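Colleague: This one is an experimental structure. Sequence first:
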Number of protein chains: 2
Amino acid sequence: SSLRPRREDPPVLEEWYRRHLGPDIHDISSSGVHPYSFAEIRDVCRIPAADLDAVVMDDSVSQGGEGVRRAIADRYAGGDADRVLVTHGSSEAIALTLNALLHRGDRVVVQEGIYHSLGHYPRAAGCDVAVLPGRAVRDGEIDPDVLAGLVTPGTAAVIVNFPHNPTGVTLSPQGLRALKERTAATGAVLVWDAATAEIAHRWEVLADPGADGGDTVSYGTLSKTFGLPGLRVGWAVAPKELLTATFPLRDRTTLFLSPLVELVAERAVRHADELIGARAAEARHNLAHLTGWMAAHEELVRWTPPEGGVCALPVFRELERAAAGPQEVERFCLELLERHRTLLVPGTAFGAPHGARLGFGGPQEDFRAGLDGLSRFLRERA
Amino acid sequence: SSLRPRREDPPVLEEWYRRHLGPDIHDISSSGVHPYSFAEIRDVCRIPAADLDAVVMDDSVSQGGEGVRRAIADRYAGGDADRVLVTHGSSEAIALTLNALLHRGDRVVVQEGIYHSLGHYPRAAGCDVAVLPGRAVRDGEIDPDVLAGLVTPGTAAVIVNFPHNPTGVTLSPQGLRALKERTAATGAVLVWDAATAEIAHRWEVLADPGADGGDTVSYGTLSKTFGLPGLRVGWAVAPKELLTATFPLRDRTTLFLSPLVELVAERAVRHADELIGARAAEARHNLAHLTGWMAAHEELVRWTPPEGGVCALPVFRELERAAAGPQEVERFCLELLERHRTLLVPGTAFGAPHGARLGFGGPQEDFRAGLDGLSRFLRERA
Ligand SMILES: Cc1ncc(COP(=O)(O)O)c(C=O)c1O
Ligand SMILES: Cc1ncc(COP(=O)(O)O)c(C=O)c1O
Ligand SMILES: [Au+]
Ligand SMILES: [Au+]
């Protein structure tokens, strides 16, 4: 037969979860907040059974249901619905837009250690790619000298995710303001992933660049801060001109969304503050206990604390002392899972060989035991 | 700025609906049955509010929720769940699988007049494409001489949709049995879209080739026969070996489905017969009235009656008499819409210049007026 499936490697992050995610374990690896039950959702976002039952299971539209597009636009695009594309999670948004945006040849600046599919599509589009290093961003700004060197006239796009999954680095309202001007001046397009935007620790929550009305693309999703990764709804905020040029590709992949799923999402974006607040507040209870845990263990673990989001990237000192290979952290994260029922994401997924993703977005009531698992783990090896 | 959106033409079918679909009109253009309300769905498929509310809005899995994969597998894959991939409508299934299946160079046989994205992906994959003509399939079999010529050793895949959207041509259990053997013998992969599979008029409902356990790919969806185009759930039935090789692409596009949407779909596939039966029976009430309407108008309209599905392709004699250009049918379908509030899909979407898609899957209670609209329309021009 001619059944030869094309061999492409799975991205480290997804394959890790596929292989190891399951029940009977203390999971502290997620870059998002722990999910709500659908019960809770109807209660918080105010959804009667009669409103769901009234939904005709018919075709939605290409750009997204008018109701839910209004809800996102108001919050993120300054009322302009024509500038929102609603997608099957922000993943579909990234795929559709970047496909329509990037050409072969163009110079594109991509944040180091970025979530794959954001660096994946420019790499695929055969773009000329120049890395914006991790160390270049500190104290809520990108070294203006590094910005001058990397983003010059001609440059097609600058792709960044802030707050950063997994490190938890982000920008000050000034830092973003500088970056906007740099890209406005060179003609570059700011591509801006705002997945964990709503949870900020050091500075105030960053206003969406897509709200300006300029030549920028920004993404958002109900999956990280909202506690609805399983609703599968995200968006892109960008010029109508681009969004409509994504339709042909949508026509051979997904077509459109469920008006039922849209109904729900519309109410989630309206009652967003109630949804995020309860989870953010909970996550900081966790952050506090983590910081103490960190200082108690500073002989074995070094870290930069998150300036945003609900996950960090602790670095284990023993992997720096041996120094490579990257395969070690995976063995580490495996042994941690087998002996103590505790999950992290090995840093090989984020170009941080010595690091690992520790997420504190989950339930307070352990949480704690994952740490107590890792604590027991770290002592045994030393 | 560098915001130059890549210019790709929208497929005729989708852009037609985008431009012209709306309210205040009699729509008789759909290749599927008219949709259910979510109320009706909970009533028919037996879904209490307490079962929905119990759903944690968390991550589903890559291949699809075990519950809903069982429901499809039992009905379509002979119990084997490992052979089902559940996707955002069959559209995602076609995209994921064909991407993983087709290589550059291979010879692929593609049914004439096929729904775009089925012919789109082999064309994209740079495959060597040879058309299987419309006239080659009649009386529930493909001319065995045409099969001998087109599907020879080496041939990578044969892509077909039966019953055919829009013509409504399909196969006898013998016709499919012949086609299976031809492809089994040459080593070719049968790619088989079974969207409108459950509604058959001339022969019995075609058993799913994916149930054999051989090297075949078959698609299915709750969108055409089930009355749930707005639930956005379809599947592929194929070897686990292929389906798992689609994961990398899913990881940069959609990730997975909603466990809430899966819960619903699981109950829809179990109560499938109740869902289809009420719509099939209704559609045949419509077919009967259409056949009479057809014979009453045989001076202006010629057609082959559907052997399956809920749409046909009537041919208007005036477009054959003038003979081209293809742009005429669109003017026709536009003028029909403007003067009489009646929608069809102009045949330019299916490589049938003189034809137009008339769907009889909609509500009985006009229905009739669309015909009475088209009747009034046809007389005026002659
Ligand atoms: C920054 C970022 N963007 C996007 C995604 C994909 O999520 P979704 O498609 O639910 O928005 C993830 C999940 O790992 C993420 O961390
Ligand atoms: C044969 C066929 N397959 C697939 C589709 C896409 O539908 P879905 O993605 O809902 O399965 C259509 C809709 O026009 C169709 O006619
Ligand atoms: Au990727
Ligand atoms: Au297409």
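Modeller: Sure thing, it's come through. Residues are numbered from 1 along each chain as shown, chains lettered A, B, ... in the order given. Ligands and ions are numbered 1, 2, ... in the order given.
Colleague: in which helix or strand would I find the spatially closest residue to residue A:44 that is not a sequence neighbour?
Modeller: The shortest distance from residue A:44 to any non-neighbouring residue, by C-beta to C-beta, 6 or more residues apart in numbering or on different chains, is to residue A:274 (5.4 Å). To be clear about C-beta, it is placed using only N, CA and C from the backbone, and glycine gets the same treatment. Using DSSP states H and E, residue A:274 sits in helix A:272-296.
Colleague: The residue nearest to residue A:44: neighbour count?
Modeller: 13 (other C-beta atoms under 10 Å in any protein chain shown).
Colleague: Show me how far the helix or strand just after the helix holding residue A:274 is from its chain's centre.
Modeller: Next helix or strand after helix A:272-296 toward the C-terminus (DSSP H and E): strand A:301-302. Centroid separation for strand A:301-302 versus its chain: 24 Å, with C-alpha atoms, centre = their mean, to the nearest Å.
Colleague: elements contacting the next helix or strand after strand A:301-302?
Modeller: The helix or strand immediately downstream of strand A:301-302 is strand A:311-312, counting by DSSP H and E. Contacts defined by 3 or more C-beta pairs under 8 Å, 6 or more residues apart in numbering or on different chains; DSSP states H and E place strand A:311-312 against strand A:356-359.
Colleague: any chance you could map the strands in the stretch 51-200 of chain A?
Modeller: A:84-87, A:107-111, A:128-132, A:137-138, A:141-142, A:157-161, A:189-193 (DSSP state E, counting those that start in this stretch).
Colleague: can I get these in TSV with distance to residue B:128?
Modeller: Formatted as TSV, the strands of the stretch 51-200 of chain A follow (distance: least, C-beta to C-beta, whole Å):
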stretch	distance to residue B:128
strand A:84-87	34
strand A:107-111	34
strand A:128-132	33
strand A:137-138	49
strand A:141-142	49
strand A:157-161	36
strand A:189-193	37
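Colleague: could those strands go into TSV alongside mean neighbour count and distance to ligand 4?
Modeller: Converted to TSV, the strands of the stretch 51-200 of chain A look like this (neighbours: other C-beta atoms under 10 Å in any protein chain shown; distance: least, C-beta to the ion, whole Å):
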stretch	mean neighbour count	distance to ligand 4
strand A:84-87	28	19
strand A:107-111	23	27
strand A:128-132	16	29
strand A:137-138	19	41
strand A:141-142	20	41
strand A:157-161	25	27
strand A:189-193	27	26
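Colleague: who wins for proximity to chain B among the ones you listed?
Modeller: Chain B lies closest, by C-beta to the nearest C-beta, to one member of the strands of the stretch 51-200 of chain A: strand A:189-193, at 5.7 Å.
Colleague: is the closest one anywhere near chain B?
Modeller: Yes. On the criterion C-beta under 8 Å from any C-beta of the partner chain, strand A:189-193 is in touch with chain B at residue A:189.
Colleague: before we move on, what about stretch A:77-87?
Modeller: No. Stretch A:77-87 lies out of reach of chain B by C-beta under 8 Å from any C-beta, never closer than 8.9 Å.
Colleague: who's in contact with that stretch?
Modeller: A:63-66, A:68-70, A:72-73, A:76, A:93, A:96-97, A:208, A:210-213, A:233-240, A:243, A:246, A:254, A:257, A:262, A:265 (C-beta atoms under 8 Å, 6 or more residues apart in numbering or on different chains).
Colleague: Of the strands of the stretch 51-200 of chain A, which is nearest residue A:314?
Modeller: Residue A:314 lies closest, by C-beta to C-beta, to one member of the strands of the stretch 51-200 of chain A: strand A:137-138, at 17.8 Å.
Colleague: Any idea how many residues pack against residue A:324?
Modeller: Residues near residue A:324, counting by other C-beta under 10 Å: 11.
Colleague: Please report how far it lies from chain B.
Modeller: Plainly put, residue A:324 is 26 Å away from chain B if you go by C-beta to the nearest C-beta, to the nearest Å.
Colleague: Just want to check the distance between that residue and residue A:200.
Modeller: 34 Å (C-beta to C-beta, to the nearest Å).
Colleague: swap in residue A:84?
Modeller: For residue A:84 relative to residue A:200 (C-beta to C-beta), the value is 22 Å.
Colleague: Next to ligand 2 in this structure, residues from chain A, please.
Modeller: Within chain A, the positions near ligand 2 by C-beta under 6 Å from any ligand atom are residue A:255.
Colleague: Try it again at 8 Å.
Modeller: Proximity of chain A to ligand 2 is confined to A:254, A:255 under the rule C-beta under 8 Å from any ligand atom.
Colleague: In contact with the closest residue to ligand 1 within chain A: list those residues for me.
Modeller: Nearest residue of chain A to ligand 1, counting by C-beta to the nearest ligand atom: residue A:89, 2.6 Å away. By C-beta under 8 Å, 6+ apart, the contact list for residue A:89 reads A:221, A:223, A:229, A:232, A:233, A:234, B:254, B:255.
Colleague: Strands - which of those land there?
Modeller: Taking DSSP state E as the definition of strands, the contacts of residue A:89 contribute A:221, A:234.
Colleague: filter the contacts of residue A:89 down to the ones near ligand 3?
Modeller: With C-beta under 5 Å from the ion as the criterion, the subset of those in contact with ligand 3 is empty.
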